[PDB]
2 protein chains.
Amino acid sequence: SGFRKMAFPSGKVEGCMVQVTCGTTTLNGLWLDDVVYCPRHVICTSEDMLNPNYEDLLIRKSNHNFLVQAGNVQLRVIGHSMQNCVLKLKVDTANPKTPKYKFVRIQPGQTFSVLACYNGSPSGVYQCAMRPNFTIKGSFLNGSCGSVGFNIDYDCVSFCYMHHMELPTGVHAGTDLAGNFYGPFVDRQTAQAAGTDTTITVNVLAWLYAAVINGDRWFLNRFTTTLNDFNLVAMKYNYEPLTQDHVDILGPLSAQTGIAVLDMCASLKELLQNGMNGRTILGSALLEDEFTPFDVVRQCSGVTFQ
Amino acid sequence: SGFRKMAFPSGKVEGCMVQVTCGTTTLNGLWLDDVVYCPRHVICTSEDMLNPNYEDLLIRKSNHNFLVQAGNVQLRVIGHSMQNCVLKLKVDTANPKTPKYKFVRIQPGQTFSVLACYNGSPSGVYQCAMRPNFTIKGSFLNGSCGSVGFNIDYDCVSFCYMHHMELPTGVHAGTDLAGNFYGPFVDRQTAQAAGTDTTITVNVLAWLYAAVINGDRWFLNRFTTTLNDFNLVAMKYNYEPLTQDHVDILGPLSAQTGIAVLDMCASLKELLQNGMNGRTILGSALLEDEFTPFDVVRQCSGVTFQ
Ligand SMILES: *[C@H](O)[C@H](C[C@@H]1CCNC1=O)NC(=O)[C@H](CC(C)(C)C)NC(=O)c1cc2c(OC)cccc2[nH]1
Ligand SMILES: *[C@H](O)[C@H](C[C@@H]1CCNC1=O)NC(=O)[C@H](CC(C)(C)C)NC(=O)c1cc2c(OC)cccc2[nH]1
C-alpha cells in the first residue's frame, strides 16, 4: 500500500539525450536512430527571438553550425530540416540505445513523466499532467528546452512532449514530437498567457478511489446523486464536466472498492461544498487531479515494464 | 521556475535490478559486480515467517536453490552468505552495467529516490524522506522487497535503502545495504508499530524558501523571533527542534532570497498558529517537509548528473 506521484523508470530515455549547440544557444536533443530532435529556437540568438522568421533563419544555417554532443562523443550532422517547431538533425550514427518508440500526442487530463535535462545530461524525473488549458505545471530552468515527456507501455516509449518555454505565470508550454504546440502558444518572445484552467474531475474521482483502496474512508457517505446534479455542482466549482465515458472508465475502480461512481460523486460534491475540515486524503489537504484512472490501477496493482 | 517532487534519473539503478527466486518466494535483488544483494527473508516460506531462525534456515540452503534471473538470462549462484538482514549471492558473472557506487546510511530528514520493482523489473520511480521515526511513506505491494533507495552524486550512486516490509499503518520499513534496519524493526511477522513521528522543521523552512524563489510570498511577514522562542512553538506543534546547524545549512537560501532564517521562522510560527486560511504554497495546502535544503538548491539551480 501507499500512493505516490510516480514517474516511469527513465533509463530508456536517458540513453537518447544529447546536447545541441548552435551559436550561443545550448539545449537538449532527442537522439533516435540517426536523427536528433530539438526545439527549432536553437537556431536563434537573443535579438532574433523577439519575432523570428525560422524558415529564413534555417536556410542561412550549415550542417557544421550544429554541434551535437552525445556525452563525450561528437555526432556529425549530415542534414537538417524543420518540422513545425522542432528541428530534425540527420546524423551519421544511429543511436545504439534507441528503444522501441512512438510519437503520440496526449489529451488534457492525461499524465506523463518528464526527464528534466541540462546540457544533454538528465537532472531529475517527475510526473506531470497536461492541464485542460494545454500547459503543464513543471520544473524547468534556462537550458531545459528539449527535455521530453513520455509514457512507457511494456517496452515501448511513447514520447508525447518536448519542452519549449515558460509562461509568465510560471507554467510551461511545449510541443508534441512532431513539433506542434499544445495549446495556443508560439515559440516567440511575445505576450502569451495560459488561459483559464479547470480541475480534471475524472482524475479527482480516481484519486478518491486510490484513497479508499489505501484505507482513507472518512469522506465517504450514504448519499448519492445523479450525473446531471453532480455536473451542476462541478460547474460552480470550475471542475470540468463528468461524462458517461468517465463513469465507464472508473468502472474497474468502482468494482474493486464496491463504491458506485455516482456515490463517489456525492462524496466529491460534499467535499467541494464543505471542504475537508482540517483532515487529509492520501497526505494531501487538497483534492488532487493529476492521477488518471490508469495511474491509480497501475500503482495500486503493480504493473512493471521491460 | 516551478517546484516538483523530483527523483533522480533511474537508469543506472535499472541496470542492476534482477529477480531472485527461492522456493515459493520471488523478490528483487541488486546486482553489483559479481554479487546480488537481496532481503534474507527470500529463504523463508509462509510458516517459517512467524518467527524465523535465519541462520538455521540458511545452512539448509544450497547455491542451486537460488534462481537469479537477470532479464532473460539466468545467473549461476556460486556462493552465498548472510550479512545482517540481507543475503549476498556470489554469481559467476560481474554485472557489466555496474555503476560507480557506495553503500551509505542516511539520517532521518534526508531524502532519496526509490525505484519500485517487481520480478526484477522496474515499475516506477519516486522521492521519499526518511521520517524521524525511521519509516518511509512509500508505495509498495507484494513482491516489491529488494527495491532500493538511492541518491546520485555526479556519476556515483549512493545506495541507502533496501525494502523489506510494510507496517500496519501503511508505512514502510527497510535496511541499509549492509542489512541493518532503519529503526526498531525486525524482518519477522510480529506486532510492530512505527512509533510517533514529528515534522522535519528544517525541511519545511527549505520548502518555504523554494516557495519564495518561485513567487509565493503571501506568508511572509515583518516580524522575527529568536531561535529559542521558535522552538517553544515547534514543540507545541510536534515539529522537531531547530538547531544552529540547521540555521547554518539554510544560509545559502537565506542569502539568495534576502530573508533571514529567523524571519522565515516567524512566518512558519504564524502558519502554525493560524493555518493557511484557504491559500496554498507551491500547490500544497499543507506544510511540506520532504524537501531538504539541498533538494531545493538542486532544483532551483539546475544540477545534473553524468
Ligand atoms: C529553453 O531552455 C527555455 C526554457 C525556459 C527558460 C526558463 N524556464 C523555461 O522553461 N525556453 C525559453 O527560454 C523560451 C525561448 C523561446 C524562443 C521559446 C521564446 N523563452 C521563454 O520561455 C520566455 C520568454 C518570456 C518572456 O520574455 C522575456 C516574458 C515572460 C515569459 C517568458 N518566457
Ligand atoms: C516483500 O515484498 C514484502 C513487501 C510488503 C508487502 C506489502 N507491502 C510491502 O511493502 N514484505 C513482506 O511481505 C514482509 C515479510 C517479512 C518476512 C519481512 C515479515 N511482511 C510484511 O511486510 C508484513 C506482515 C504483516 C503482518 O502480518 C501478516 C501484519 C501487519 C503488517 C505486516 N507487514
Side-chain angles (χ1 to χ4, degrees), chain A residues 1-2 4 214-215 283, chain B residues 25 27-28 30 37-44 46-58 81-88 102-114 116 126-151 158-204 234-235 237-243 245-246 289-290 292:
Chain A
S1 82
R4 282 273 193 193
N214 278 87
Chain B
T25 300
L27 56 80
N28 303 284
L30 188 76
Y37 302 81
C38 72
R40 71 178 177 177
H41 78 257
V42 70
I43 61 173
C44 283
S46 301
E47 68 275 35
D48 292 354
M49 293 178 69
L50 287 164
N51 196 349
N53 204 277
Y54 289 104
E55 292 95 325
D56 279 326
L57 297 176
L58 182 56
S81 61
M82 179 156 142
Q83 174 167 315
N84 309 300
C85 298
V86 300
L87 287 174
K88 297 176 73 173
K102 302 197 288 224
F103 291 170
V104 309
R105 193 183 170 93
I106 60 165
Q107 281 300 319
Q110 280 187 276
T111 54
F112 57 101
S113 300
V114 168
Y126 56 88
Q127 192 79 345
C128 279
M130 176 62 68
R131 303 305 312 172
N133 64 2
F134 291 98
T135 65
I136 73 177
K137 291 169 174 172
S139 172
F140 286 118
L141 304 172
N142 294 328
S144 66
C145 289
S147 305
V148 297
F150 64 94
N151 288 94
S158 298
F159 294 104
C160 58
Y161 180 81
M162 177 154 293
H163 188 55
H164 291 247
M165 65 187 288
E166 180 170 305
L167 301 181
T169 50
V171 301
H172 299 105
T175 67
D176 64 27
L177 272 292
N180 302 300
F181 272 92
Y182 289 101
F185 312 113
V186 294
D187 50 349
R188 306 169 224 160
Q189 168 154 347
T190 70
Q192 286 179 89
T196 68
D197 213 13
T198 52
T199 297
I200 309 152
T201 306
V202 61
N203 288 359
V204 175
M235 287 213 279
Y237 290 91
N238 187 353
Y239 270 52
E240 179 152 11
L242 199 70
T243 68
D245 186 31
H246 294 146
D289 77 342
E290 306 220 330
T292 69

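The analysis underlying the following values was restricted to heavy atoms, covering all of them including side chains, and did not include hydrogens, waters or symmetry mates. In the text below, chain A, chain B and the rest are named by the order of the sequence lines, each starting its count at 1.
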Task: Straight-line distance of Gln189(B) CD to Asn51(B) CG, nearest 0.5 Å - done: 11.0 Å
Task: Residue pair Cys160(B) / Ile106(B): nearest heavy atoms and the distance that separates them - done: CB-CG2, 3.6 Å
- [ ] Could you tell me whether the side chains of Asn133(B) and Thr135(B) share a donor-acceptor contact shorter than 3.5 Å?
- [x] yes
Task: Spacing of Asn53(B) atom CG and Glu55(B) atom CD [to the nearest 0.5 Å] - done: 5.5 Å
Task: Flag, side chain of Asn203(B) to backbone of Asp289(B), donor-acceptor distance under 3.5 Å - done: yes
Open item on the list: Nearest 0.5 Å, please: how far is CG in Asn28(B) from OG in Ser147(B)?
Closed with: 4.5 Å
Task: Heavy-atom side-chain contact between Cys145(B) and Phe140(B) under 4.5 Å - done: no
- [ ] Carefully, step by step, assess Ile200(B) and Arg131(B) under the rule side-chain contact (heavy atoms from CB on, under 4.5 Å).
- [x] CA-CA 8 Å; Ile200(B) 309 152; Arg131(B) 303 305 312 172; 3.7 Å; yes
TODO: Evaluate side-chain contact (heavy atoms from CB on, under 4.5 Å) for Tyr37(B) paired with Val148(B), printing each intermediate quantity in order.
DONE: CA-CA 10 Å; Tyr37(B) 302 81; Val148(B) 297; over 6 Å; no
TODO: Ignoring hydrogens and angles, tell me if any N or O in the side chain of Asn84(B) forms a donor-acceptor pair with the backbone of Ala178(B) under 3.5 Å.
DONE: yes
Task: Approximate separation, where rounding is to 0.5 Å, of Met130(B) CE and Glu290(B) CD - done: 10.5 Å
TODO: For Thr198(B), check side-chain hydrogen bond (donor to acceptor under 3.5 Å, both in side chains) against everything at least two apart and list the hits.
DONE: none
Task: Non-hydrogen atoms of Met165(B) and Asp187(B) that approach each other most closely - done: SD-CA, 4.5 Å
Open item on the list: As a test of understanding, state which of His163(B), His41(B), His164(B) forms a side-chain contact (heavy atoms from CB on, under 4.5 Å) with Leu27(B).
Closed with: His41(B)
Task: Shortest non-hydrogen separation from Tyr182(B) to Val104(B) and the atoms involved - done: OH-O, 4.0 Å
- [ ] Begin with the C-alpha distance, continue with both residues' side-chain angles, and end with the deciding distance and a verdict on side-chain contact (heavy atoms from CB on, under 4.5 Å) for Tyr237(B) and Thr199(B).
- [x] CA-CA 9 Å; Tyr237(B) 290 91; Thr199(B) 297; over 6 Å; no
Task: For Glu240(B) against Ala234(B), the heavy-atom pair lying closest together - done: O-CB, 4.1 Å
- [ ] Would you check, one step at a time, whether the test side-chain contact (heavy atoms from CB on, under 4.5 Å) holds for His246(B) with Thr201(B)?
- [x] CA-CA 9 Å; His246(B) 294 146; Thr201(B) 306; over 6 Å; no
Open item on the list: Within the 4.5 Å heavy-atom criterion, are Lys137(B) and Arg4(A) side-chain neighbours or not?
Closed with: yes
Task: Flag, side chain of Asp176(B) to backbone of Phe103(B), donor-acceptor distance under 3.5 Å - done: no
Task: Minimum-distance pair of heavy atoms, taken over all atoms of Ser1(A) and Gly170(B) - done: OG-CA, 3.8 Å
- [ ] Indicate yes or no: at least one non-hydrogen side-chain atom of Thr175(B) is less than 4.5 angstrom from one of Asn180(B).
- [x] no
- [ ] For residues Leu57(B) and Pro52(B), report the shortest heavy-atom separation together with the two atoms involved.
- [x] CD1-CB, 4.0 Å
Task: Separation between OG1 of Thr111(B) and CD1 of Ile136(B), rounded to the nearest 0.5 Å - done: 12.0 Å
Open item on the list: Could you tell me if the side chain of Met162(B) sits less than 4.5 Å from the side chain of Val86(B), heavy atoms only?
Closed with: yes
Task: Plane angle bin for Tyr161(B) and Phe112(B) - parallel if under 30°, tilted between 30 and 60°, otherwise perpendicular - done: tilted
Open item on the list: To the closest 0.5 Å, what do you measure between CD1 (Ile43(B)) and CG (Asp48(B))?
Closed with: 8.5 Å
